[PDB]
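Enquirer: got a sequence here, can you model it:
(chains A and B, ligands or ions: 2)
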There are 2 protein chains.
Amino acid sequence: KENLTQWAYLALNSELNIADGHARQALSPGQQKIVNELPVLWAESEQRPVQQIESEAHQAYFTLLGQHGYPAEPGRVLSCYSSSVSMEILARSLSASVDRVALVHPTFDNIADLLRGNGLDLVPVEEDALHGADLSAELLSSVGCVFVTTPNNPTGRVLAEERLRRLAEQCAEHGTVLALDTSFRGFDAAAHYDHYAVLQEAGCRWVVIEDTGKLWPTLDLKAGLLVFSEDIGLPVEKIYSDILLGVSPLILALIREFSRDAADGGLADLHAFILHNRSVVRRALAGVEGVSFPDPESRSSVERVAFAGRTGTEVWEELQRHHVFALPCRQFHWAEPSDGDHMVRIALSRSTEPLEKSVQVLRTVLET
Amino acid sequence: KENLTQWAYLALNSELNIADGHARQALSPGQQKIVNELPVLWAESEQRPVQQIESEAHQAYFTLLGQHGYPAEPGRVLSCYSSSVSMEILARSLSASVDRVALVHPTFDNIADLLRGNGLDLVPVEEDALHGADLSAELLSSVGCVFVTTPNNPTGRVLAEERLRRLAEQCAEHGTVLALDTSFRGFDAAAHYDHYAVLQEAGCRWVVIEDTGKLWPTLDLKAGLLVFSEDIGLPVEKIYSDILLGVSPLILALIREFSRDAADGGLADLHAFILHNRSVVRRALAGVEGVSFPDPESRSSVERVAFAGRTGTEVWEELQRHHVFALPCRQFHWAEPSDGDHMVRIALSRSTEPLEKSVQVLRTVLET
Ligand SMILES: Cc1ncc(COP(=O)(O)O)c(/C=N/[C@@H](CCCNC(=N)N)C(=O)O)c1O
Ligand SMILES: Cc1ncc(COP(=O)(O)O)c(/C=N/[C@@H](CCCNC(=N)N)C(=O)O)c1O
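Expert: Numbers count the residues shown, from 1 in each chain, chains lettered A, B, ... in the order given. Ligands and ions are numbered 1, 2, ... in the order given. Below you will find the coordinate block:
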């Protein structure tokens, strides 16, 4: 298994999948009511111009999460099948004019595998240095792009506004591209200050990749949103049009409707449900010997756990035998895999029952 | 402007869109019954292992179109959000080891764009050369892949079985990858002989990209299916896992149901529908001096129309002023654009009434 997706494949057909980060819990009542009008949404998607549906979907999802200054003129937000598709467009776009990319480490490994597969070299930036300290002028001058995941995956760490401001400002000095993956944006209110405000204010060249997938159990019906400053001067628009005409108006209508249910109280319900499920795993494992939780303040839908006397791979292997699937964290540490030798990632975007089943099996594996 | 997808953007929100090749006619009564029961399918897609739904959708789609010998073991058919995304996966896999690609000419231009975009040089192969004769040894040794769109877009030309047998043999003796794009397979029974049987019997390195999207008005809910030989020797699997975990189980359910409606008589209905709309186009242009049809036998869901005394650009600009959006053909001829200077392409996957209005305007235009 050469990336976390190949580990996650093994989980997809198991009742005890706690590996991939997609939302697989039950629909709420308000979400089921949306599913129930799909034949009506379908007809609306046949009948209306996609540009109207698309605008309403973007307006609903950005405002929902505080990004009021998002560029709303047609063309500026590029709807992609997935955040990974948005990522490939950007990585291939960079490769034309950039050699090296400074990337937060750790982070989800397909970000690095895509950047490398498109010919970019990476220089890692540990999280401490990223947040708690400016970045070295020797660094910025040697890279064409800076790339942050916030909320990060697997750590949940949020880039504070103050530091986002400084970072965009540093990038403006060097004419460097500043890129953000905000897939997890909706789980943590610390991420809902208007990033398009600080970004457009610094006036650097910037790219943001939003994602609607993680948040709601939509059966992987979703969009990645690629937003770029007017001065990006990367060929993201042409490469986008090489790949797709657009996304399905029905998926867009569904984003709109799920965004509106989130704004009528569904997002608070979701933050609570994720908190409950985080409590449930911590309740069952903090008292075990060796077990610590390194992201004590994470609000993300995935949770890391650390053990002191065995390797995260070995926990994975022992877990498999009882039909439970999580992720070994080595590969999140894409620049030094050993950094994640003693950790596994657990998915919380699951209904509480099979989650509890899984951690109790995790308990027993650890008490061996 | 830069490619045919960008011309196609102009049409997306207008009543008289006859530009992109997507299926946009109204649902058949049988298809609307699938849609009516989306909530049921949604609850199926929650409860069941996506492996089973995926197996059922593949089996249904392949057997519908005569492709019985397709590799059915899990993992040999990779489901992608779209044909283009399979194409991005393929093109970037080739660049690892191939410098030059022989590509049928004309063909849909994002195939050439995605290849050139990923670092590959292209060599055109005209249609007559491809279908009626061996490819030379000179050509075959200068190239690491041969790429054929069949049925071709925009011409509708289908690569017959004896020529594919011979081409695949040729590719085996040179070690070349034979790559096919069979997105339009459903529209023409001449393409329903078993491709996988001849590729496997020849024992060449091969990849096929199947596509469910073109055939049914599913609001762009579709899958590209990337099928490869066990010895393909391209990183196609690695790069697939980089981009995605899989596609929506709902989309896979939809494919399964539309494929079964198709096998129940719907495909015969489609074929008759497309034939009628082709007859609508051509009879509407009957007595107009200077019109011809370059592909008199095509059964594709797109139709070329040629003009002795007018460029396709002029015609397209004249149609635009009456709010009718077609495609200029120049960019289909991705190696020599003037080859297409006198044709436009008309999308036939439309309800008959808006298509008839558009061509009656075309008729008025041409009589001026
Ligand atoms: C920060 C960040 N940015 C983009 C994506 C891609 O999201 P997408 O899948 O396109 O919707 C993710 C997804 N993380 C999931 C991976 C499961 C899907 N695997 C692949 N896509 N290779 C997880 O960590 O479990 C992400 O965390
Ligand atoms: C032979 C062939 N292979 C793949 C595809 C991609 O299908 P996809 O669109 O990915 O589902 C097409 C699509 N042709 C359509 C629509 C073009 C939309 N533009 C982009 N996708 N960039 C047309 O001819 O108008 C094709 O003909």
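Enquirer: drop to CA atoms for contacts and neighbour counts, all remaining ones
Expert: Noted.
Enquirer: how about the residues of chain A near ligand 2?
Expert: Residues of chain A lying near ligand 2 by CA under 6 Å from any ligand atom: A:241, A:242, A:243, A:244, A:245.
Enquirer: widest-spaced pair of those residues?
Expert: A:242 and A:245 (8.3 Å; CA to CA).
Enquirer: near chain B, which residues of chain A?
Expert: With CA under 8 Å from any CA of the partner chain as the criterion, chain A meets chain B at residues A:2-3, A:5-6, A:8-9, A:12-14, A:35-36, A:38-39, A:42, A:45-46, A:49-51, A:81, A:84-85, A:88, A:110, A:113-114, A:219-221, A:238, A:241-245, A:247-250.
Enquirer: same thing but 7 Å
Expert: Proximity of chain A to chain B, by CA under 7 Å from any CA of the partner chain, involves residues A:5-6, A:9, A:13, A:35-36, A:38-39, A:49-51, A:81, A:84-85, A:110, A:113-114, A:219-221, A:241-245, A:247-250.
Enquirer: can I have the buried ones of these as a ChimeraX selection?
Expert: Per 16 or more other CA atoms under 10 Å in any protein chain shown, the buried members of those correspond to this ChimeraX selection:
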select /A:5,6,9,35,36,38,39,50,81,84,85,110,113,114,219,220,221,241,242,243,244,245,247,248,249,250
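Enquirer: and after the longest helix anywhere in chain A, which helix or strand comes next?
Expert: The longest helix of chain A (DSSP state H) is helix A:267-285. Next along the chain after helix A:267-285, taking DSSP states H and E as the criterion, comes strand A:302-306.
Enquirer: now find how far off-centre the next helix-or-strand element following that following strand is within its chain.
Expert: Later in the chain than strand A:302-306, the nearest helix or strand by DSSP H and E is helix A:312-321. On the basis of CA atoms, centre = their mean, to the nearest Å, helix A:312-321 sits 25 Å off its chain's mean C-alpha point.
Enquirer: residues of helix A:312-321 that come out buried?
Expert: Applying a neighbour-count criterion of 16+ other CA under 10 Å, one finds A:312, A:313, A:315, A:316, A:318, A:319 buried in helix A:312-321.
Enquirer: same check, this time on stretch A:303-314
Expert: Residues of stretch A:303-314 classed as buried by neighbour count (16+ other CA under 10 Å): A:303, A:304, A:305, A:306, A:307, A:311, A:312, A:313.
Enquirer: quick one, what contacts the last one?
Expert: So that's residue A:313. The contact partners of residue A:313, by CA atoms under 7 Å, 6 or more residues apart in numbering or on different chains, come to residue A:328.
Enquirer: from residue A:4, how far off is it?
Expert: According to CA to CA, to the nearest Å, residue A:313 and residue A:4 sit 12 Å apart.
Enquirer: and the first one, by the same measure?
Expert: Here the distance between residue A:303 and residue A:4 works out to 15 Å (CA to CA).
Enquirer: got it, and the fourth one?
Expert: Noted for residue A:306: a distance of 18 Å to residue A:4, by CA to CA.
Enquirer: residue A:78 reaches residue A:236, doesn't it?
Expert: No. The pair residue A:78 and residue A:236 fails to qualify as a contact (CA atoms under 7 Å) at a distance of 9.3 Å.
Enquirer: neighbour count for the two, which is higher?
Expert: The neighbour comparison of residue A:78 against residue A:236 (other CA atoms under 10 Å in any protein chain shown) goes to residue A:236, with 23 against 20.
Enquirer: now the host helix or strand of residue A:51 - C-alpha only, CSV.
Expert: Taking DSSP H and E as the definition, residue A:51 sits inside helix A:50-64. Provided in CSV are the C-alpha atoms of helix A:50-64 (Å, rounded to 0.1, in the frame of the first residue of the first chain):
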residue,chain,number,x,y,z
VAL,A,50,-26.9,25.7,-14.3
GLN,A,51,-25.3,29.2,-13.7
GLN,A,52,-28.2,30.1,-11.5
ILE,A,53,-28.1,26.9,-9.5
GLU,A,54,-24.3,27.1,-9.3
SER,A,55,-24.4,30.7,-8.0
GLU,A,56,-27.0,29.9,-5.3
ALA,A,57,-24.9,26.8,-4.3
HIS,A,58,-21.7,28.9,-4.0
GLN,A,59,-23.5,31.7,-2.2
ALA,A,60,-25.1,29.2,0.3
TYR,A,61,-21.9,27.4,1.1
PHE,A,62,-19.5,30.4,1.4
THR,A,63,-21.7,32.5,3.5
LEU,A,64,-22.5,29.5,5.7
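Enquirer: buried sites along it?
Expert: A:50, A:53-64.
Enquirer: from those, which is closest to chain B?
Expert: Taking CA to the nearest CA as the measure, chain B lies nearest residue A:50 of those, at 6.6 Å.
Enquirer: leaving out the residues flanking it, which one is nearest to that closest one?
Expert: Nearest non-adjacent residue to residue A:50, counting by CA to CA, 6 or more residues apart in numbering or on different chains: residue A:249, 5.6 Å away.
Enquirer: so what's that neighbour up against?
Expert: Applying CA under 7 Å, 6+ apart, we find residue A:249 in contact with A:45, A:50, A:53, B:219.
Enquirer: I figured the third one hits residue A:253, correct?
Expert: I take that to be residue A:53. Yes. Using CA under 7 Å, residue A:53 is in contact with residue A:253, at 6.0 Å.
Enquirer: burial count for the closest residue to residue A:277 other than its chain neighbours?
Expert: Spatial nearest neighbour of residue A:277, excluding adjacent residues (CA to CA, 6+ apart): residue A:348 at 5.9 Å. Close neighbours of residue A:348, defined as other CA under 10 Å, add up to 28.
Enquirer: and residue A:257, by the same measure?
Expert: Neighbours of residue A:257 under the rule other CA under 10 Å: 21.
Enquirer: what's the closest non-adjacent residue to it?
Expert: Closest to residue A:257 by CA to CA, 6+ apart is residue A:34, at 7.0 Å.
Enquirer: what about residue A:132, neighbour count?
Expert: If we define neighbours as other CA under 10 Å, then residue A:132 has 11 of them.
Enquirer: for residue A:147, same thing?
Expert: Residue A:147: 20 neighbours (other CA under 10 Å).
Enquirer: no further questions, thank you.
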